[PDB]
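So the protein lines, in turn, are chains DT, CS, CN, DJ and DF.
For the first sequence, counting from 1, position 144 maps to 152 in PDB author numbering; every step adds exactly one.
For the second sequence, counting from 1, position 117 maps to 147 in PDB author numbering; every step adds exactly one.
For the third sequence, counting from 1, position 100 maps to 109 in PDB author numbering; every step adds exactly one.
For the fourth sequence, counting from 1, position 253 maps to 262 in PDB author numbering; every step adds exactly one.
For the fifth sequence, counting from 1, position 63 maps to 64 in PDB author numbering; every step adds exactly one.
Just so you know, even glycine gets a beta-carbon here, dropped at the ideal spot from N, CA and C.
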Amino acid sequence: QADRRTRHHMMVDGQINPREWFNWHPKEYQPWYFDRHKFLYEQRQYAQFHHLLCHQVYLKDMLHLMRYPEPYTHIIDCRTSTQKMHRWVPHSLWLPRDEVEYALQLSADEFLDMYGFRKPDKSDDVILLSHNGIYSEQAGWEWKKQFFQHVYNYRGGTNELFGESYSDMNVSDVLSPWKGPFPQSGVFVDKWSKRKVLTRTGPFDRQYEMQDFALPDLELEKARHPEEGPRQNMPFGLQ
Amino acid sequence: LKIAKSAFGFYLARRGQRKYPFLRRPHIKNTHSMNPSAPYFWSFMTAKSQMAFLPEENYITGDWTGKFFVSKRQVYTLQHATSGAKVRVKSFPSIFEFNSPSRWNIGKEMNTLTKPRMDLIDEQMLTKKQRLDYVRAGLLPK
Amino acid sequence: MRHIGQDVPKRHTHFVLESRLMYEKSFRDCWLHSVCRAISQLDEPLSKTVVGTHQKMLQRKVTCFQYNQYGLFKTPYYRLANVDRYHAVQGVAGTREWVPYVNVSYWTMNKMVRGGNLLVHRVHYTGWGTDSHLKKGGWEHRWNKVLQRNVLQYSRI
Amino acid sequence: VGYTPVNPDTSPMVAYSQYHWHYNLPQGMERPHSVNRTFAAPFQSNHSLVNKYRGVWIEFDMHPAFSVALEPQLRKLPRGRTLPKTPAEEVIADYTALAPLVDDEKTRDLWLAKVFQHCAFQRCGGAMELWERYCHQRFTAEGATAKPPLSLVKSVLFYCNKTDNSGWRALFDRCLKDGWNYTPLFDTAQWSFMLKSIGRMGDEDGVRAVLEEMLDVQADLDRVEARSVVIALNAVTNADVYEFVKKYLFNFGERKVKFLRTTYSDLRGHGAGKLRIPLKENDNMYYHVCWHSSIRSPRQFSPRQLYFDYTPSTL
Amino acid sequence: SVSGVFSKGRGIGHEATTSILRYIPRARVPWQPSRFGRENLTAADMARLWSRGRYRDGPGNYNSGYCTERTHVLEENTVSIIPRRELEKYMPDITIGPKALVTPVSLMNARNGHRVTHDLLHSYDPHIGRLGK
RNA sequence: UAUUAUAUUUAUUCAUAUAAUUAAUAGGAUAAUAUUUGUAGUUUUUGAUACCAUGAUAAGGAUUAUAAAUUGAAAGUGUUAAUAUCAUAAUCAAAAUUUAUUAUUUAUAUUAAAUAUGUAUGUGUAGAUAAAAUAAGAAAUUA
Ligand SMILES: O=c1ccn([C@@H]2O[C@H](COP(=O)(O)OP(=O)(O)OP(=O)(O)O)[C@@H](O)[C@H]2O)c(=O)[nH]1
Ligand SMILES: [Mg+2]
Ligand SMILES: [Mg+2]
Numbered sequence: 009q010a011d012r013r014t015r016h017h018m019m020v021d022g023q024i025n026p027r028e029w030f031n032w033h034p035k036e037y038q039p040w041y042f043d044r045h046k047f048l049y050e051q052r053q054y055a056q057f058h059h060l061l062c063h064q065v066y067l068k069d070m071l072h073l074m075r076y077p078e079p080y081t082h083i084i085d086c087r088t089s090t091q092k093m094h095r096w097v098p099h100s101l102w103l104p105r106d107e108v109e110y111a112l113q114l115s116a117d118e119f120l121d122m123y124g125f126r127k128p129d130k131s132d133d134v135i136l137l138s139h140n141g142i143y144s145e146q147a148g149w150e151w152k153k154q155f156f157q158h159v160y161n162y163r164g165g166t167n168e169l170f171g172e173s174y175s176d177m178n179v180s181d182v183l184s185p186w187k188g189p190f191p192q193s194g195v196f197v198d199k200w201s202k203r204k205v206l207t208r209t210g211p212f213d214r215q216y217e218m219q220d221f222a223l224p225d226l227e228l229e230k231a232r233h234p235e236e237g238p239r240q241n242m243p244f245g246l247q
Numbered sequence: 031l032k033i034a035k036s037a038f039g040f041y042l043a044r045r046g047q048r049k050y051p052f053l054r055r056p057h058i059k060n061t062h063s064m065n066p067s068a069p070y071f072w073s074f075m076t077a078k079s080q081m082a083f084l085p086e087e088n089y090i091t092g093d094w095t096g097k098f099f100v101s102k103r104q105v106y107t108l109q110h111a112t113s114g115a116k117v118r119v120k121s122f123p124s125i126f127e128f129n130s131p132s133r134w135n136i137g138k139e140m141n142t143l144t145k146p147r148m149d150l151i152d153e154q155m156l157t158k159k160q161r162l163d164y165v166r167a168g169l170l171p172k
Numbered sequence: 010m011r012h013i014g015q016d017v018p019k020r021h022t023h024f025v026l027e028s029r030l031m032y033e034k035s036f037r038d039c040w041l042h043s044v045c046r047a048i049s050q051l052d053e054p055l056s057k058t059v060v061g062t063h064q065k066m067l068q069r070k071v072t073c074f075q076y077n078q079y080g081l082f083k084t085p086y087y088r089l090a091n092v093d094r095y096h097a098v099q100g101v102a103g104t105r106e107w108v109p110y111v112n113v114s115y116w117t118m119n120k121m122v123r124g125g126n127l128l129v130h131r132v133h134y135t136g137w138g139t140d141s142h143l144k145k146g147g148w149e150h151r152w153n154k155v156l157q158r159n160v161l162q163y164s165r166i
Numbered sequence: 010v011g012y013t014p015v016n017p018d019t020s021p022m023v024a025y026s027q028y029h030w031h032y033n034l035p036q037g038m039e040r041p042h043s044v045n046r047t048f049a050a051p052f053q054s055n056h057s058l059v060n061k062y063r064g065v066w067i068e069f070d071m072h073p074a075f076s077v078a079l080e081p082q083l084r085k086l087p088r089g090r091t092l093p094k095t096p097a098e099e100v101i102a103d104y105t106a107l108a109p110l111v112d113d114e115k116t117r118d119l120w121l122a123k124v125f126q127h128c129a130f131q132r133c134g135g136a137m138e139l140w141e142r143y144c145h146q147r148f149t150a151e152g153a154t155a156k157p158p159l160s161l162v163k164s165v166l167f168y169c170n171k172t173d174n175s176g177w178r179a180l181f182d183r184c185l186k187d188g189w190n191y192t193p194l195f196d197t198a199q200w201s202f203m204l205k206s207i208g209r210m211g212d213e214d215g216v217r218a219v220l221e222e223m224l225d226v227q228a229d230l231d232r233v234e235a236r237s238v239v240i241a242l243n244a245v246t247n248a249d250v251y252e253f254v255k256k257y258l259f260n261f262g263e264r265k266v267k268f269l270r271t272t273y274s275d276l277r278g279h280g281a282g283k284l285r286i287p288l289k290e291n292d293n294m295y296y297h298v299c300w301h302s303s304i305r306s307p308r309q310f311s312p313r314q315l316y317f318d319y320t321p322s323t324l
Numbered sequence: 002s003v004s005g006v007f008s009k010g011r012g013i014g015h016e017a018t019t020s021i022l023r024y025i026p027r028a029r030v031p032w033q034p035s036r037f038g039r040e041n042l043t044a045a046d047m048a049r050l051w052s053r054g055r056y057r058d059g060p061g062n063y064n065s066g067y068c069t070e071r072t073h074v075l076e077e078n079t080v081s082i083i084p085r086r087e088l089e090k091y092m093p094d095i096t097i098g099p100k101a102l103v104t105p106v107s108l109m110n111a112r113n114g115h116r117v118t119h120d121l122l123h124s125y126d127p128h129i130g131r132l133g134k
């Protein structure tokens, strides 16, 4: 008939019941879109870095610049480990990501002495390069914070160029299932009624929704559920 | 209201004996509708012109299964008497039937043939208090 | 329904909506109804062209048509119930328990005026008012002046 | 105070409060507002446009000499927005008989294009013979140099779609950049009809080629008629083309994609009658178009649905 | 333990679409996830519901003339219906038929937009009178 | 004690309520083209109800007086905001008097448009009651 999942309860098992429409900060109803199929750093979890992103440069631009170089466009290789880099992107130069913060604070001379090539002026085009396009992005943020006017990241960079599959960092799309209780750092007291209410941090987070969302192929999606259908634990009207 | 004789007993207030504008009292209760007049017989509580057609309610307007009672503004017609068919009207307690047909009814509305307030009173629809008050007015014997 | 998950505190507020539809039905049926009345009751000839047996015939034809119209709204306005859009309190119009320009009952007018919600102006409770016209002939006179500026100032064509 | 809230415009106890403007202050406008000027929205109605031609316009350019000379023959063929009911056999007989007498290439071909269009509206199948008899020799065969007049091509294509015909693929191919380069001059309705036909016939590969060209030529994607996109997509069963169609689906707009789903669910649904030929079952493509729609729409929060089974853990 | 208003109901939309569509989660209204609307009523129940709600004129009301009950009870008194064949003996039948209920297009503006003199208002738009379709 | 008057006038036959389903959005001529013509995913909840379910505005003269000035008051009279856990009761006409709380036409001429009151002539006649010092006209027995 009814039970803790179906009934109205302010609290279930000593913690705020996430099932109540009125236990959430109304801001959580505001409309949003799915990120996950977009480039890693455009996603919403990285929002603190969003002001910093870099204008892109596509594969076409890259081949064009291979055959037809510009004098004051610099292509800068950000690949960090020498163990993983076996080829040379034409007309590129090597500033590994790990050094960037230091490198960009050298004088023209000192920079010349440490990296063996001229430090790009702040007007010049700077194209950044990495395996996946992740380290190149982070490096980009560095170059942008010293204020460099044209900084382009080429995502998919060395992997697309050379057909290698390598990665700058090992990060995986899957989030580890949330462990503890709901964090008191996300609990949001209301200012008018002084009423405690959930936010979408923690075990409730949009990442988890997108992660477990229906697959985009009917066959793989039907494989995921029992014969009779997708949600049979629920009463018909909650399905 | 004090006693609820219908649903509205719950919703309505009496407001003591309150005055309404002329000929608008919220509830149309025609106590006078049967109020004998020989000389005014054809003009009183009937159509203002004798060239008016009979109302809607003397006619079968649509495809009907049948009715329980006909309306009380229906006018009694020679066929009401002659045809020997059920002629009912909604009065209180339940329904009044015209059983004993007469031509003297003809041409008047059944409003006028049905006494709204009967000289007859049920002692069993009355509280002991109400029965007392009906004995004071010299209606019920006691 | 059956008092399950009702949204409004008073159920009867819905009746107010029903009422609106009544007026709508009247707009749909007034012209028709009145034409059928006028053509039905006309004793003089209708016209030069329609007279005599044709006219009698046409009259009966029309009132037959009018009786056939199921659901045609013939109820006179003063017999429709006035009920508040707020608390669903009812009052008889033309009485001190109904307030006409806001169309709310006395009860709601009181509540709304005292906690400021309506903007009105208080005037001495015992007189005719600030208004010139009411000051002259009272309710009937002001009623008349309204007729005069709605209609009579026009010489129609 | 109550279950019914105050409405802030009519209540003087809101309007004249300290958080708003009192009636004794000077009542002028506070700040100006330019909304429509700063960032303006383009007009898109919820309803489709009522006057639009809704067909494939065949562009009749005739010299006003043969236009008068040929009038008793042309009066039987479609003029603008007018579709005479003359039986197609008769019209083709008239062309076969009288056309060799006319000397103009341009005239003979405008006339032919009218014949084709007329036969497209009646769905008479024996009209391709006309293509093989006159046009094929100087247009489609053995690398002939000559470049057909646009209206003729549009007409023949329109005929191959209206009468579902394998022939279209040969003509269409000649219209890409290296050939006649006619493809960027096609109407949105042209694309619509093409897609629908190809879909019925069931060529995933035709569908792919056509969607690629449409996209490159900058057709109006959102205004391609939804029914025809659905019937085309429905035709796709092959793994690679399927991949293509996901990636491609991202080219439509939010709204378009929502109604791709609605239309799809209707054509296999309630509105299965609406089609002359019933759809064929693609459960995969149906599911996918629904899924795509769901991905691209704004997301709503229904917490009792998401967290239905949530239990807290003390780990 | 369970008190319903209606015993059974039905789906607005049909097998081909639904069987596949179910693998995609749809967001229900957060505060009242289950929706049972008048499209979902059974045929019988819709008929009953549709009769009621029309004051006196409407077929639900026992005395409208459209009543299918053979008997009705006023204050413990049982009244048997007068059949129409019998009603007609004293109360003549003037019945035009359905054409009487529809005025021409010409009059639509006199009538504030309507052609139809029926008891419910009739809209010409798709949505107000929409059932499932 | 000075800053000033109740003992006048007119009234009192007082009645009116009924025929159950409150739950969502959707734009069209003179717009650069969407059939989005015809927008189709039943089913897990329970209070304002006929019913217990707090709030809030009435009426009700008794001593701040005359000048350039109001004879109507907060102590609360059905409908309004946190206690729920029997029930569809609501006017769209034409309808059934028991309810303290209501100024009706009284003798020349008397029912025409929504249908509109048939009853009580009795020596202005018991007991008991009502109203007024304000554009009217009243004058002498405070705590
Ligand atoms: O978007 C729409 C809406 C409606 N229709 C209508 O559907 C009817 C039958 O639907 P079909 O779409 O099966 O017919 P069809 O291909 O032969 O029609 P054309 O589009 O080629 O003319 C067609 O005859 C047309 O009137 C559409 O074709 N497209
Ligand atoms: Mg109180
Ligand atoms: Mg009701």
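request  = At 4 residues or longer, and completely inside the stretch 46-120 of chain DJ: list those alpha helix (DSSP H) runs for me, N to C.
outcome  = When DSSP assignments are scanned along the stretch 46-120 of chain DJ, the uninterrupted stretches of alpha helix (DSSP H) that are 4 or more residues long and fall wholly within it turn out to be 75-78, 80-83, 97-107.
request  = Could you tell me the distance, in whole angstroms, from the CA atom of residue 33 of chain CN to the CA atom of residue 62 of chain DF?
outcome  = About 22 Å.
task = Give a yes or no on whether the minimum CB-CB distance between residue 52 of chain DF and chain DT is below 9 Å.
result = No, its Cβ sits nowhere closer than 9 Å to a Cβ of chain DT.
request  = Starting from the beta carbon of residue 18 of chain CN, find every residue of chain DJ whose beta carbon is closer than 9 Å, and list them in chain order.
outcome  = Residues of chain DJ passing the Cβ test: 11, 12, 13.
task = Output, in chain order, the set of chain CS residues within a Cβ distance shorter than 9 Å of residue 80 of chain DF.
result = For a Cβ distance threshold of 9 Å, residue set 98, 99, 118, 124, 125 of chain CS lies close to residue 80 of chain DF, ordered along the chain.
ask   = Looking at the C-beta of residue 182 of chain DJ, does it have a partner C-beta in chain DF at a distance below 9 Å?
value = It does not: the Cβ of residue 182 of chain DJ has no partner Cβ on chain DF nearer than 9 Å.
query = Whose C-alpha, out of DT/148, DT/153, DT/219, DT/163, is nearest the C-alpha of residue 180 of chain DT?
reply = Ranking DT/148, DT/153, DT/219, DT/163 by Cα distance to residue 180 of chain DT puts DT/219 first.
query = Between the stretch 259-277 of chain DJ and the stretch 229-246 of chain DJ, do three or more beta carbon pairs fall short of 8 Å?
reply = Counting Cβ pairs under 8 Å, three or more are found: they touch.
message = Do residue 39 of chain DF and residue 132 of chain DF have their beta-carbon atoms positioned less than 9 Å apart in this structure?
response = Cβ atoms of residue 132 of chain DF and residue 39 of chain DF: closer than 9 Å.
ask   = Is residue 63 of chain CN helix, strand or coil by DSSP?
value = Note: residue 63 of chain CN maps to helix in three-state DSSP.
request  = Sort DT/234, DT/102, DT/191 by Cα distance to residue 120 of chain DT and report the nearest one.
outcome  = Relative to the Cα of residue 120 of chain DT, the nearest Cα in the group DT/234, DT/102, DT/191 belongs to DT/102.
message = Just to confirm before moving on: does the CB-CB distance between residue 33 of chain DT and residue 205 of chain DT stay below 9 Å?
response = Cβ distance < 9 Å, so residue 33 of chain DT and residue 205 of chain DT count as in contact.
message = Below 9 Å on C-beta distance, what does residue 323 of chain DJ contact in chain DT?
response = Near residue 323 of chain DJ (Cβ distances below 9 Å), the residues of chain DT are 188, 189.
query = If you draw a straight line from the C-alpha of residue 127 of chain DT to the C-alpha of residue 219 of chain DJ, how long is it?
reply = In this structure, the straight-line span from the alpha carbon of residue 127 of chain DT to that of residue 219 of chain DJ is close to 49 Å.
task = With residue 191 of chain DJ as the anchor, note down where its beta strand (DSSP E) starts and where it stops.
result = Careful: residue 191 of chain DJ lies outside any beta strand (DSSP E) and carries neither H nor E.
Cross-chain neighbours of residue 22 of chain DJ in chain CN, by beta carbon under 8 Å = Residues of chain CN with a Cβ closer than 8 Å to the Cβ of residue 22 of chain DJ are, in chain order, 124, 125, 126.
query = Got a sec, what are the start and stop residues for the beta strand (DSSP E) residue 102 of chain DT sits in?
reply = Under the DSSP assignment, residue 102 of chain DT falls in the beta strand (DSSP E) whose first and last residues are 100-102.
ask   = Among DF/4, DF/8, DF/25, which residue has its Cα nearest to the Cα of residue 300 of chain DJ?
value = For residue 300 of chain DJ, the nearest C-alpha among the options comes from DF/25.
ask   = Excluding sequence positions up to five away, which residues of its chain have a Cβ less than 7 Å from the Cβ of residue 131 of chain DJ?
value = Same-chain partners within the cutoff: 97.
query = At what residues does the alpha helix (DSSP H) containing residue 117 of chain CN begin and finish?
reply = Taken as a continuous stretch (DSSP letters only), the alpha helix (DSSP H) holding residue 117 of chain CN covers 115-123.
query = Is it true that the stretch 55-65 of chain DT meets the stretch 145-152 of chain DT, where meeting means three or more beta-carbon pairs spaced less than 8 Å apart?
reply = Yes, since at least three Cβ pairs between the stretch 55-65 of chain DT and the stretch 145-152 of chain DT fall closer than 8 Å, the two stretches touch.
request  = Could you confirm whether any beta carbon from chain DJ is found closer than 9 Å to the beta carbon of residue 26 of chain DF?
outcome  = For residue 26 of chain DF, the answer is yes, since a Cβ of chain DJ falls inside 9 Å of its Cβ.
message = Quick check on this structure: which residue in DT/38, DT/42, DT/10 has the alpha carbon closest to the alpha carbon of residue 221 of chain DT?
response = Nearest C-alpha to residue 221 of chain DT: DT/42.
query = Nearest to residue 43 of chain CN by alpha carbon, out of CN/82, CN/13, CN/69, CN/22?
reply = Closest by alpha carbon: CN/82.
ask   = Going along chain CN, which residues have a C-beta under 7 Å from residue 112 of chain DF?
value = Proximity of chain CN to residue 112 of chain DF at the Cβ level (cut-off 7 Å) is accounted for by 37, 40, 41, in chain order.
request  = Taking only heavy atoms of ligand 3 into account, decide whether any of them is closer than 8 Å to the Cβ of residue 23 of chain CN.
outcome  = Indeed, a heavy atom of ligand 3 lies less than 8 Å from the Cβ.
query = Are there three or more Cβ pairs, one per stretch, closer than 8 Å when the stretch 73-85 of chain DF is compared with the stretch 94-104 of chain CS?
reply = The stretch 73-85 of chain DF is in contact with the stretch 94-104 of chain CS.
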